[PDB]
Amino acid sequence: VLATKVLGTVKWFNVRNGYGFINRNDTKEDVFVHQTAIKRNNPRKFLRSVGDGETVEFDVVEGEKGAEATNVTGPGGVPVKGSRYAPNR
RNA sequence: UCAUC
């Protein structure tokens with residue numbers, strides 16, 4: 001873990017490919033986010049996702065190809081909103 | 001991992 005409970009804005013997230021990027025609000029740098037790194041998914045949606053432009057809170061770790069987000073939630077640990085491309089329950 | 005579901 002390189003940083004804990006960092007706030008960020010999802011740059012974009014591709015539901016079909018299962019990944020995207022988050023822009024850190026502190027450093028304004030992008031970090032990779034994989035679908036499996038989402039800790040609190042939207043219980044009202046199917047599939048694992050975050051939605052473009054959403055505010056998220058996460059840890060930062062060193063990944064294979066640059067820094068990565070893990071333990072992704074909404075701010076204060078609440079569920080994420082998820083992607084418009086992820087179907088609703 | 002910069003995609004364009």
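Naming convention: chains lettered A, B, ... in sequence-line order (proteins, then strands); numbering from 1 in each chain. Side chains included, hydrogens not; waters and symmetry mates left out as well; all remaining heavy atoms used.
- Checked against salt bridge (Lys or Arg N to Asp or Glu O under 4.0 Å), A:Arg48 has no partners two or more places apart in sequence or in another chain.
- If A:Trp12 and A:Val15 are placed on RNA chain B by their nearest nucleotide, the residue sitting closer to the 5' end is A:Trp12.
- Contact check for A:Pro87 versus A:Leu47: side-chain heavy atoms found under the 4.5 Å cut-off.
- Taking hydrophobic clusters as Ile, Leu, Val, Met, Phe, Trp and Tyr residues chained together by side-chain heavy-atom distances below 4.5 Å, A:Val56 does not share a cluster with A:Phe21.
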- Task: Check step by step if side-chain contact (heavy atoms from CB on, under 4.5 Å) holds for A:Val50 and A:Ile38.
- Result: CA-CA 8 Å; A:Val50 294; A:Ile38 301 167; 3.9 Å; yes
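- Using a 4.0 Å cutoff to heavy atoms of chain A, the contacted part of RNA chain B runs 5' to 3' from B:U1 to B:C5.
- For A:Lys39, there are no salt bridge (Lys or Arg N to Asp or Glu O under 4.0 Å) partners, not counting sequence neighbours.
- Residues A:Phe32 and A:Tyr19 place their aromatic rings such that the two centres sit under 6.0 Å apart.
- With sequence neighbours left out, A:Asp59 forms a salt bridge (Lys or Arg N to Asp or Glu O under 4.0 Å) with no residue at all.
- Within residues 16-35 of chain A, the residues that place at least one heavy atom under 4.0 Å from RNA chain B are, in residue-number order, A:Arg16, A:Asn17, A:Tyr19, A:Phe21, A:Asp30, A:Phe32.
- Judged by a 6.0 Å distance limit and a 45° cone about the ring axis, A:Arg16 is not positioned over the six-membered ring of A:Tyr85.
- Of the candidates A:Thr70, A:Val61, A:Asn71, A:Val61 is the only one forming a side-chain contact (heavy atoms from CB on, under 4.5 Å) with A:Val1.
- Interface residues of residues 42-67 of chain A facing RNA chain B, ordered by number: A:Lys65; criterion, heavy-atom separation under 4.0 Å.
- Judged purely by atom type and a 3.5 angstrom limit, A:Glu57 uses its side chain to pair as donor or acceptor with the backbone of A:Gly76.
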